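The lines below spell out each chain.
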Amino acid sequence: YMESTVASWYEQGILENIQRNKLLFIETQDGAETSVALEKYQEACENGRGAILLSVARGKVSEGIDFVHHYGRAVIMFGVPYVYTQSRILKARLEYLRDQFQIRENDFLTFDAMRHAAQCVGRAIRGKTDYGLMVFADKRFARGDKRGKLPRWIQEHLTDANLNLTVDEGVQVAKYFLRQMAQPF
Amino acid sequence: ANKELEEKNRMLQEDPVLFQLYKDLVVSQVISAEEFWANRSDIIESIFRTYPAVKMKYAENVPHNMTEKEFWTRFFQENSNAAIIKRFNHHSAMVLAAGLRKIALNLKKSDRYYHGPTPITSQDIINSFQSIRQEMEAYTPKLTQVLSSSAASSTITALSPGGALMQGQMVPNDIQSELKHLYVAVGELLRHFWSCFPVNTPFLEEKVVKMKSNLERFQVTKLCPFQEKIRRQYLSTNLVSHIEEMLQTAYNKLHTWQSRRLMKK
Amino acid sequence: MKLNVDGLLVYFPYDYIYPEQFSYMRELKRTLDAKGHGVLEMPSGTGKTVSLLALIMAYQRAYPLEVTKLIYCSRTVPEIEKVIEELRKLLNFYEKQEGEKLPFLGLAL
Amino acid sequence: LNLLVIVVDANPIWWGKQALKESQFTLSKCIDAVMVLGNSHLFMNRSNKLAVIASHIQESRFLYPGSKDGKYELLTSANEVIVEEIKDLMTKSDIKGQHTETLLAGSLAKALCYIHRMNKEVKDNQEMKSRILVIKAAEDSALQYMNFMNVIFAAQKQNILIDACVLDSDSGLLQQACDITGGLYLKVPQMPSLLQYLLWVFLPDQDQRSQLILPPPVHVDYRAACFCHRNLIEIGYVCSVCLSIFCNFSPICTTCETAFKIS
Amino acid sequence: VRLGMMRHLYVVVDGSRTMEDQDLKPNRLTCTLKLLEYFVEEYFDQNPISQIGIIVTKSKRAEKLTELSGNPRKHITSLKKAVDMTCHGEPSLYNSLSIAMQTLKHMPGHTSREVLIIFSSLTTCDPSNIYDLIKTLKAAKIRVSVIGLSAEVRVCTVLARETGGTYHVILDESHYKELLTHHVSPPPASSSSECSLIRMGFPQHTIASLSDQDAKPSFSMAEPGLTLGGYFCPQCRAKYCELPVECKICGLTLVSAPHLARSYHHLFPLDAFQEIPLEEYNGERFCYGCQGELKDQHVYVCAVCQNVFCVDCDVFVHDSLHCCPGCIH
Ligand SMILES: [Zn+2]
Ligand SMILES: [Zn+2]
Ligand SMILES: [Zn+2]
Ligand SMILES: [Zn+2]
Ligand SMILES: [Zn+2]
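Rules behind the numbers
Residues numbered from 1 in each chain as written, not as in the entry; some residues may be left out. Chains lettered and ligands numbered in written order. Part of a larger assembly, values for the part shown. Heavy atoms only, no water. Helix = DSSP H or I, 4+ residues; strand = E, 2+ residues; numbered from the N terminus. Buried < 20%, exposed > 50% of the residue type's maximum accessible area, 1.4 Å probe, protein only. Areas by Shrake-Rupley, 256 points an atom, 1.4 Å probe, with all protein chains shown as cover. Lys, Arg positive; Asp, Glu negative; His and termini not counted. Charge placed at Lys NZ, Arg CZ, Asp CG, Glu CD. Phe/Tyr/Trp six-rings, centres within 6.5 Å; stacked < 30°, edge-to-face > 60°. Contact = heavy atoms within 4.5 Å. Salt bridge = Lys/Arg side-chain N within 4 Å of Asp/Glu carboxyl O. Patch = residues over 30% accessible without salt bridge, like charges linked within 9 Å, V, L, I, M, F, W, Y side chains within 5 Å. Pairing = 2+ DSSP bridges. Right-handed = clockwise from strand over helix to strand, strands pointing away. Donors = N, O, S within 2.8 Å, 3.2 Å for Na, K, Ca; no water. Tetrahedral: all angles 85-135°; square planar, octahedral: opposite > 155°, others 65-115°.

- Structure determination for this PDB entry was carried out by cryo-EM, with a resolution of 4.16 Å recorded in the header.

### Comments concerning the overall build of chain D
Consideration 1: Counting secondary structure elements, chain D contains 8 helices and 6 strands.
Consideration 2: In chain D, the order of α-helices and β-strands from amino to carboxyl end is β-α-α-β-β-α-α-β-α-β-α-α-α-β.
Consideration 3: Overall, chain D is about 80 × 50 × 35 Å in size when its C-alpha atoms are taken along their principal axes.
Consideration 4: For chain D, the proportion of its 263 residues judged to be buried stands at 60%.
Consideration 5: Accessible area of chain D: about 11,100 Å², with a carbon and sulfur share of 53%.

### What to know about the overall build of chain A
Consideration 1: Within chain A, the regular secondary structure consists of 9 helices and 4 strands.
Consideration 2: Counted from the first residue to the last, chain A has its helices and strands arranged as α-α-β-α-β-α-β-α-α-β-α-α-α.
Consideration 3: Dimensions of chain A, computed from C-alpha atoms along their principal axes, come out at roughly 55 × 40 × 35 Å.
Consideration 4: Looking at chain A residue by residue over its 185 residues, the buried ones come to 41%.
Consideration 5: Surface summary for chain A: the accessible area is close to 11,100 Å², and the carbon and sulfur share equals 57%.
Consideration 6: Averaging the positions of the 25 positive and the 23 negative side-chain charges in chain A gives two centres separated by 4 Å.

### Some points on the packing of aromatic side chains
One pair of aromatic rings is described through two measures. These are the centre distance and the angle between the planes.
Residues and elements named next belong to chain D.
Consideration 1: One pass over the structure, following the stated rule, counts 26 aromatic pairs over all chains.
Consideration 2: Seen in terms of ring centroids, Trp15 and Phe25 are 5.7 Å apart; in terms of plane orientation they differ by 40°. Their pairing is tilted. Here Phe25 lies in the loop between α1 (12-21) and α2 (27-44) and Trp15 lies in helix α1, a separation of 10 residues in the sequence. Of the two residues, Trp15 and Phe25, both sit in the buried class.
Consideration 3: Relative to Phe260, the ring of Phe249 lies with its centre 5.9 Å away and its plane at 80°, an arrangement referred to as edge-to-face.

### Examining the side chain of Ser16 of chain E
Consideration 1: Tracing the sequence through the fold places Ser16 of chain E in the loop between β1 (7-14) and α1 (28-46).
Consideration 2: Among all residues touching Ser16 of chain E, those that are not within four sequence positions of it are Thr57, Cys87, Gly89, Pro91, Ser120 and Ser121 of chain E.

### Let's talk about the pattern of salt bridges
All names here are of chain A.
Consideration 1: Within the structure shown, the criterion is met by 32 salt bridges over all chains.
Consideration 2: The closest approach of N and O atoms between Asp145 and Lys146, which form a salt bridge, is 2.9 Å.
Consideration 3: Among the charged side chains, a network of salt bridges with common partners joins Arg58, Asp112 and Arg115.

### Considering a nonpolar patch on the surface
Consideration 1: A cluster of nonpolar side chains, contributed by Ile76, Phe78 and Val135 of chain A, occupies part of the molecular surface with about 270 Å² of accessible area.
Consideration 2: Summarising the element assignment, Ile76 of chain A is placed in strand β3 (residues 74-78).

### Focus on the pairing of strand β2 (residues 51-54) of chain A
Residue and element names in this part refer to chain A.
Consideration 1: Direction of pairing for strand β1 (residues 23-26) relative to β2: parallel, over a ladder of 4 bridges. Bridge pairing links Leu23 to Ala51 in β2.
Consideration 2: This β-α-β element, β1 to helix α3 (residues 31-46) to β2, shows right-handed connectivity.

### Points about the coordination of the zinc ion (ligand 4)
Residue and element names in this part refer to chain E.
Consideration 1: In the first shell of the zinc ion (ligand 4), the protein supplies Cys287 (SG), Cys290 (SG), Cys310 (SG) and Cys313 (SG), at 2.3 to 2.4 Å from the metal.
Consideration 2: One can describe the site at the zinc ion (ligand 4) as tetrahedral: its 4 donor atoms subtend angles covering 107 to 111° at the metal.
Consideration 3: Positions of the donor residues of the zinc ion (ligand 4) along the chain correspond to the pattern C-x2-C-x19-C-x2-C. One end of the pair, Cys287, is in the loop between β11 (274-276) and β12 (299-301); the other, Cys313, is in helix α9 (residues 311-321), and 26 residues separate them in sequence.
Consideration 4: Note on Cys313: relative accessible area 3%, which makes it buried.

### Digging into the sheet that holds strand β8 (residues 198-201) of chain E
Consideration 1: Taken in spatial order, the 4 strands make up an open sheet running β6(D)-β8(E)-β10(E)-β9(E), and their pairing is mixed. The open sheet has two free edges, formed respectively by β6 (235-238) of chain D together with β9 (245-246) of chain E, since each of these has just one partner strand.
Consideration 2: Inspection of the sheet shows β6 of chain D paired to β8 of chain E by 4 bridges, in the antiparallel sense. What sits directly across from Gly236 of chain D, in β8 of chain E, is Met200 of chain E.

Below, the structure is given as structure tokens:
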């Protein structure tokens, strides 16, 4: 899915504009390329060029890496993280949970998505009270079930006013929030 | 390399004033010109710095029985899907690599500010105080006392242009440019002459250049008065003496500091 | 920074703790007192390690027989290195407070 | 509109010296002339407003915040209030031999903040062009230079014209003061005929001052001196802390105590 | 706290594309330039001895819009000209800081070299890494205090804190005014800062000696017509139209006594007056400062004169006059 989206953006002019605005780095399955790309991403973050690191939620990089102040400032989540519905291993794992312990298949699937999203979006608040915003570009997260299964600390901060902001409105509120966080305590 | 010649060619006609003054220093053959200087697309470039492969290809394929339009055409030209991601990763890495080249204050005297650089019996106060206290027991005499016609007329006559308290030529135009040019020349050479004059510079290699500049002062002021003579013998009006003060004061500083140096020795 | 926790008094190296830290410590002490397995969540990536370690050390001092030792597991070795750094800082703080070495050992496999 | 402020230097020592001398000019006549000038200023237009300040060794006091003789009521009130207050101030005054020099910087500071208050209160629709017609009458004090310079620069920033009208003495500090803000400087040598000078040189406002012939400004000697013996100096050696004009190069300036490093 | 009276300040303006965005009510670049005109005039009015320089950076290149000078009007004209600048390209902190460093490297040690980067586009495309340039900046003791716009840039944060400057982000236009007005004042001198005596020259205005006898005609020194009188120099002996100005020959600063006196209030800051709302046995209805009735429940008093001042009086005194009227007595 990441490759398809990247290819579509490349065919259109959006990707070139993104490249002009800020450097772009992408993740790949091979660990060596992942490590090199992340090493360059750190230097880009240190410098004023900036960087946009595209990765996969299930990618080992997402779990291994930890984002701190001036690292992964704004965490973008493109789509709810769901595993493919064809891998037969998950079919056993899921239908057995339905049969025993009485967990609905949809319930467990949404839980597996929300837990993974929280894992991959909760890094920006590592410590030392370093500001940062987590934007989820998916109307599915706006659903009550996803919000309810979301961790309490994120959900309570989340409000109905900004629950389903348009793209432009989200951009404006992000700019304003960054303004507020820029100033000292 | 003839870097000096290249710079002279570059500034020969691009900047008029610089070359005008530099030439003027030689027109009368004042001094050698060596001391003058001794003392004082985007897309292709981006690709050039971006792709080392393109740099090597350009070096090997330098135009030879081909055309730059064809070279431009050659630019744009799951296996392909992964190639795009790899190409962005490599291209961003290349861009980044190209951008990455290998006391609390305390004081003891504050009244000095209260009286800054600006410069500057007992029974008399008592007498004045009592007299002024008794002065104004009567008020509102404005009807006649404040002013009188004779005094008013005297004041108006004083305010007249010939009176007290009220005291009361652009004929040449072409001479203005010549005077400006001469002043610019004087400024240009006085800049180097005064560059290290205020500093003592008690060193042999430092003092050599002040000695040379001091001799250059004589040599330039040798030619200045001839142009002064040419200008003077026109109408004997609107004297230009400010230029003389600069030269005479520079000479006074030179001679006084020479005497001071001899005294120090 | 000695916190008069409900169960006992617990040392803490940093100057201040947020109310969520108080809640975390009290709930954790409740679980240890019940001596029953439980699960809890804390947002901060860092700070939870120091609070948890301090509470466990204080509980060990109060009831050494109740808990034989602490087995603290982390996802990855690069991450557990940060945990051992936090534990070293806490031990240095406690050693300075006490004024002498105590029979306490902590290590990473 | 225009807000005029008359800062009269009514120094009891000097004016009483005149009284003892029994000279023709007197503080009563000076106050009457200032009164006539203010009355004429308000006479110019309804929107115009005025105020008056006196200047004493101790402090400075404001002299200004029916038709018995067939008079304009407002100007009658002005006459009565100024006469009563000036007589009260002159009659009541403590004696302090240590301090006798006339105070002017504080009076000017009061004038400036008063003008600021009036500018704030007045409606934004009408623009106010304030002016300060300082009338000195005695020699200035050396110790007041710093504060007087502060108030002069504040006036420059706030766009108020200090029109000096020194008489019987030429205060270099005051002429320097008015030169900075562009106010006129007139030295009347005929004290009896002072009011004619006001109704010509000072009375016209900044609006019409440019389109009018007035006495040329007096040359200002912007002298500098070292802090040691108080004398003119053309080259000053200031530091980066004191910002003080000094005599000659020294290892360390006394007013700084800094650890200057030679080179 | 030691303060550096003389400071050479460079206001680095970025002609980035992001300046095109009209986040503020007018265009961002136009607003910045319009307010920076006021900043320049006020900076010269609050530090005559100091001088300023503007570097405009766009399209990855930095150009000196105006060299160091003591004339506010020339810089104001440069600002007005730049108002119409195209505003296309990308800035380069390395290029801008390198130009500023090249110009400021030969500046005297005693003066405080300062840079105020009005950063608009968060991106910084530079030929070379800026962390290396940070070391040279620290070595050269050039203070750099960035003012970011709509972004908390990390590289500029480290730049400011490491080099000793301060970092800020614009909350709004009103806060932008406050930020620049605050930066107007001289910064305190730190341990790295050093003070040294500086040669100074005080000219005197001169005119025709007597009825244009032995006159001193001259045009100017940086279409000037003949001038009967003007300022001069102790050493240049070259006519100068306006003061204060650096010598074109001597290299010595020419400046009059009032210009120096304008900066004494910095050495003598006014202690804040305690604000007491209640009357507190203050039976004087008229405010001493302005001789006006106190229409609000607020009063200010000194620790020496113990006078009474209203809100407007205290605000004006602490803002512009920089001295207490009654407490002068
Ligand atoms: Zn001396
Ligand atoms: Zn000093
Ligand atoms: Zn000079
Ligand atoms: Zn008041
Ligand atoms: Zn006071």
